[PDB]
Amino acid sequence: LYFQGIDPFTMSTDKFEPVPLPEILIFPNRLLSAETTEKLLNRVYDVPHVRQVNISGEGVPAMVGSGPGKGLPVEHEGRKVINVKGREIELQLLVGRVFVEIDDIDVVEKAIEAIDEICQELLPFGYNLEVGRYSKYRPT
């Protein structure tokens, strides 16, 4: 079937305006240490067409299921400082998500292959990569 409608992810509608820049999303199978985060961000910023890299800790801590502290959250991690392309970044939490903004939809495929090669080396415990494409709600 040859589509004849309008997709709000790729064209303006009366309710949506496409966000030009996609994300490459990294979902590691284990949280990232400060050191891993530092190496990952430095390497990813060297990939052509990467505009910015953002990170997040988890919203909800890990709960202790056995031993001392059972039933309670793990002890909160300590603050760490990393150096990304000469800028100091303070980490309050182990990193569970990475968001990589790419400067053009057309180069996503190449960018994600490059990022995949980095992750193969740095995230031996496994990970998943996704492309996110967005549209802004702008009614009327």
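We number the residues from 1 along the sequence you see.
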Next on the checklist: Quick check: 21-29 versus 8-16, which has the larger average CA B-factor in the record?
Outcome noted: 8-16
Checklist entry - Averaged over C-alpha atoms, is the B-factor higher for 77-85 or for 91-99 in this PDB entry? => result 77-85
Checklist entry - Lowest, middle or highest third: where is residue 117 by Cα B-factor in its chain? => result highest
Item to check | Within-chain third of residue 106 by Cα B-factor, per the entry | outcome: highest
Checklist outcome for this item: The third of the chain into which the C-alpha temperature factor of residue 58 falls is the lowest
